[PDB]
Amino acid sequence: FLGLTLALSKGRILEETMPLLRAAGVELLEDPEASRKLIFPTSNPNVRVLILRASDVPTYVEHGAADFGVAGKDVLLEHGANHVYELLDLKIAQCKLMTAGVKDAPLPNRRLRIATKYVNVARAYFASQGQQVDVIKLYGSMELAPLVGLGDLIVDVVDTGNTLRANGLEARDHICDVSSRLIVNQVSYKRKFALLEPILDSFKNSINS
């Protein structure tokens, strides 16, 4: 396949990327949410789409199994973005990386235990606050961890805050704002630039308005 392969994740990133793609002359021919298929053609015969877990987008792009992709800044920070080029902030799937714990719970006077998927981000954030922390790596449902005493705080993405509030948790600290970024393979950028450039320019134009 000589064309471009675009890596996306289902749900938020796919929903909010599709208008950008449509403006660029690229439309999916079916709904990937309703399929077991993983490779999808588009209305442009030079572009196909891989549907991945969000955590795997940078990996496929890094290794060149996709030429480019859309990934959340939270994922890029955690995975490490040293072997891809971040080209555009698409301003989509907006949220915050935050810390949170049980509402009005005092912090214990000892080395903190942080339950989180974002172990690198958690360590780096707490390092900036002067704390060397223990991390408990989890893969989902971070909001449960404080309720059953697994760790003293969590680090997770927060949008509306409804998940925190539903579970008797409150956000303690804002770490950083998060949005989805367009990343490119470092070799694809050099070899397939003529194919990438119109789509990059289209996206850039669309995000201005």
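Residue positions are given as counts along the sequence shown, with the first one as 1.
Mean C-alpha B-factor is higher over 41 to 49 than over the other stretch, the pair under comparison being 41 to 49 and 60 to 68. Remark: stretch with higher mean C-alpha B factor among 69 to 77 and 97 to 105 is 97 to 105.
Among 118, 125, 139, 85, the highest C-alpha B-factor recorded in the PDB entry belongs to 139. When the Cα B-factors of 156, 159, 177, 170 are read from the PDB record, 170 comes out highest. Among the modelled residues of its chain, residue 112 has a C-alpha B-factor that falls in the highest third, as given in the PDB entry. In the deposited entry, the Cα temperature factor of residue 147 sits in the middle third of values across the chain's modelled residues. Remark: residue 184 belongs to the lowest third of its chain, ranked by C-alpha B-factor as recorded.
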